[PDB]
Amino acid sequence: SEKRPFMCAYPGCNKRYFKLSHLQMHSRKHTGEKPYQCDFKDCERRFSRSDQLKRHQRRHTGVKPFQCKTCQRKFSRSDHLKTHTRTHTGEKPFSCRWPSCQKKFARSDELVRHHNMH
RNA sequence: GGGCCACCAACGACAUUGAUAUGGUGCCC
Ligand SMILES: [Zn+2]
Ligand SMILES: [Zn+2]
Ligand SMILES: [Zn+2]
Ligand SMILES: [Zn+2]
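Residues numbered from 1 in each chain as written, not as in the entry; some residues may be left out. Chains lettered and ligands numbered in written order. Heavy atoms only, no water.

The record lists solution NMR as the method behind this PDB entry.

Per the PDB entry, the recorded name for chain A is Wilms tumor protein, and the organism is Homo sapiens. The title field of the PDB entry reads "RNA complex of WT1 zinc finger transcription factor".

Structure (structure tokens):
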């Protein structure tokens, strides 16, 4: 129906946001002011999302709440824990790039290693 | 200005398959 909540006013950008609080925070990127930044005593780095802000700030605390329940290995990111967990299930979501091949892999390292074998 | 997750794409640590890493898009005030 071509209906949207809120959009950016800058020409060429014109991204859409589902909250006015994020639309005003996005607008800071055009005026030239940081939206998010590390509040740590000896840090000045900046980010474009609250997710990145927390992700970065955990670098100072060393808090890693993502852990396996089969080998108990620990990771700083949930996306990486799942890439590890699939090694216990035997699943391999990747595939060889060559048309004359049909092998499958689970890590980018395995895929690239096989692409070098070709 | 802050919270919460998932999925997708990059990433290279190789004893080990990683007690290892970044981004994008989203949802709540
Ligand atoms: Zn914009
Ligand atoms: Zn910091
Ligand atoms: Zn495990
Ligand atoms: Zn192949």
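1. Here's the deal with the pattern of salt bridges
Within this structure, the stated rule accounts for five salt bridges. In this structure, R28 engages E33 in a salt bridge whose closest nitrogen and oxygen atoms are separated by 2.8 Å. With its nearest N and O atoms 2.8 Å apart, the salt bridge here joins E110 to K92. Remark: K92 occurs in the loop between α3 (78–89) and α4 (108–117) and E110 occurs in helix α4; sequence separation between them is 18 residues. (Salt bridge = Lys/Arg side-chain N within 4 Å of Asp/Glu carboxyl O. Helix = DSSP H or I, 4+ residues; strand = E, 2+ residues; numbered from the N terminus.)

2. Points about the coordination of the zinc ion (ligand 4)
The coordination sphere of the zinc ion (ligand 4), as far as protein atoms go, consists of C96 (SG), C101 (SG), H114 (NE2) and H118 (NE2), spread over 2.1 to 2.3 Å. Because the angles between the four donor atoms bound to the zinc ion (ligand 4) fall within 106 to 113°, the donor set is best described as tetrahedral. Look at where the donors of the zinc ion (ligand 4) fall in the sequence and you get C-x4-C-x12-H-x3-H. Of the two residues, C101 sits in the loop between α3 and α4 while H114 sits in helix α4, which places them 13 residues apart along the sequence. Here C101 falls in the partly exposed class, since its relative accessible area comes to 21%. By relative accessible area, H114 is classed as buried at 11%. (Donors = N, O, S within 2.8 Å, 3.2 Å for Na, K, Ca; no water. Tetrahedral: all angles 85-135°; square planar, octahedral: opposite > 155°, others 65-115°. Buried < 20%, exposed > 50% of the residue type's maximum accessible area, 1.4 Å probe, protein only.)

3. What about the coordination of the zinc ion (ligand 3)?
All of the protein donors around the zinc ion (ligand 3) are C68 (SG), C71 (SG), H84 (NE2) and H88 (NE2); their distances to the metal are 2.0 to 2.3 Å. Each of the four donor atoms around the zinc ion (ligand 3) contributes to a set of angles spanning 106 to 113°, which defines the coordination as tetrahedral. Written as a sequence motif, the donor residues of the zinc ion (ligand 3) are C-x2-C-x12-H-x3-H. With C71 in the loop between β5 (66–67) and β6 (74–75) and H88 in helix α3, the pair connects residues that are 17 residues apart, well separated along the chain.

4. Things to note about the protein's contact with RNA strand B
In the vicinity of RNA strand B lie 36 residues, with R16, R73, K74, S76 and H84 positioned nearest. Here RNA strand B approaches the protein such that, of its atoms within 4 Å, sugar and phosphate make up 53%. Interatomic distance of 2.8 Å between a side-chain N/O atom of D79 and a base nitrogen of RNA strand B. At a separation of 2.9 Å, a base nitrogen of RNA strand B approaches a polar backbone atom of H80. Of all the elements in the fold, those that place two or more residues in the surface near RNA strand B are α1 (20–31), α2 (50–61), β6, α3 and α4. The leading source of residues in the surface near RNA strand B is α3, at seven residues. By residue class, the composition of the surface near RNA strand B is seven nonpolar, twelve polar and 17 charged. (Near = heavy atom within 4 Å. Polar contact = N/O pair within 3.5 Å; in protein donor to acceptor, adjacent residues only side chain to side chain. Nonpolar A, V, L, I, M, F, W, Y, C, P; charged D, E, K, R; others polar.)

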